[PDB]
């Protein structure tokens, strides 16, 4: 007491939503152009697909809306190991703070199931499902979305940007910070917020 509280985003931070989208898009729509991971720009993949060719945004969306899309995402390298270690640290509380998106039949269930699979049943109590992360209080939010907005104009967390291909070239306004991958020094970031 007090415990440092860290919110960890799920999509693109713990679960490889980009790789999953691209793989399943390519398999389901093999004759359509696609966006190679390195060429991704901007948080919303479907929007970029729409610019590639008309109709592709809805097809990209249909991949993400399909049963087992979220459940079958691969963990990002080091993600499960890092979050387990982080949660186990003294004076450190970790919550997985993630959006259900505009899709509720499968996505919430599958996100819970995915967390159960990789972190165990006891970690389910650490999940906060919300479209608005600004109303969740914490010391840190690790999330791959550059612009996080919502009902709270002054969120209590510092947003640390987790690198993803869609944001990796972005110049952030100082003093905004990055976590480059789970191999990067996340302990140093947490420690900088401690008493």
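Numbering follows the first chain given and starts at 1.
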Looking only at C-alpha temperature factors in the entry, 40 to 48 or 159 to 167, the higher average sits in 40 to 48
Return whichever of 11 to 19 and 176 to 184 has the greater mean Cα B factor according to the PDB record. 176 to 184
So among 139, 65, 58, 143, who wins on Cα B-factor in the entry? 58
Note to self: of 124, 103, 73, 83, the C-alpha temperature factor tops out at 103
How does residue 6 rank on Cα B-factor within its chain, lowest, middle or highest third? lowest
Quick tally, chain-level thirds of C-alpha B-factors: residue 151 sits in the middle
Third of the chain's Cα B-factor distribution that residue 91 belongs to, per the entry: highest
Mind checking which third residue 129 falls in for C-alpha B-factor across the chain? lowest
